[PDB]
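Engineer: Enclosed are the sequence and the experimentally obtained structure.
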Amino acid sequence: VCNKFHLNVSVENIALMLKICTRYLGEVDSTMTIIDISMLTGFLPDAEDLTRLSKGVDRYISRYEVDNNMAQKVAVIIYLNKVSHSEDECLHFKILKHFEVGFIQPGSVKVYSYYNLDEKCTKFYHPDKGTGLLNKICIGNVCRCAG
């Protein structure tokens, strides 16, 4: 899975800084890339870091509500006109957990563009696990839940 895009998400400590990096797998800068980020449990974007991401016409976020320096979008969308195929157009912003629940659930970051809406490059991110996949003990074809 995840052809047509190089996407790997990491998240590092500091509330903890979430960093996304992406690169197109073609020859031309692909037009109208959509970043589709869904938060963890109880984590909200910083309203002064996401505002820094939306400076200009290069990157466009929709209308979001602001409260207690937290953006009120659990799923957040980043529209940007081009994605580079030589370098890595990275971006980063902080996710502020206010209310704490047991058993944090993995977030997700999706990438797709206009001419490929049949693109399914998703990569989950967990603040404790590396790959972001929730735990399962899996022997070949058949699989089970670890817990």
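Structural biologist: Alright, I've got the coordinates. Numbers count the residues shown, from 1 in each chain.
Engineer: Any idea what the residue nearest to the spatial centre of the chain is bridged to?
Structural biologist: Against the mean C-alpha coordinate of the chain, by C-alpha atoms, centre = their mean, the closest residue is residue 109 at 3.1 Å. Note on residue 109: beta-bridge partners by DSSP bridges are residue 37, residue 123.
Engineer: How about the contacts made by it?
Structural biologist: Neighbouring residues of residue 109 by C-beta atoms under 8 Å, 6 or more residues apart in numbering: 7, 9, 20, 35-38, 122-125. Heads up, the C-betas are built off the backbone N, CA and C, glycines and all.
Engineer: can you redo those residues as JSON lines with neighbour count and distance to residue 68?
Structural biologist: Formatted as JSON lines, these follow (neighbours: other C-beta atoms under 10 Å; distance: C-beta to C-beta, whole Å):
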{"residue": "7", "neighbour count": "18", "distance to residue 68": "31"}
{"residue": "9", "neighbour count": "19", "distance to residue 68": "26"}
{"residue": "20", "neighbour count": "22", "distance to residue 68": "24"}
{"residue": "35", "neighbour count": "22", "distance to residue 68": "24"}
{"residue": "36", "neighbour count": "14", "distance to residue 68": "25"}
{"residue": "37", "neighbour count": "23", "distance to residue 68": "20"}
{"residue": "38", "neighbour count": "18", "distance to residue 68": "20"}
{"residue": "122", "neighbour count": "17", "distance to residue 68": "30"}
{"residue": "123", "neighbour count": "21", "distance to residue 68": "29"}
{"residue": "124", "neighbour count": "16", "distance to residue 68": "27"}
{"residue": "125", "neighbour count": "23", "distance to residue 68": "23"}
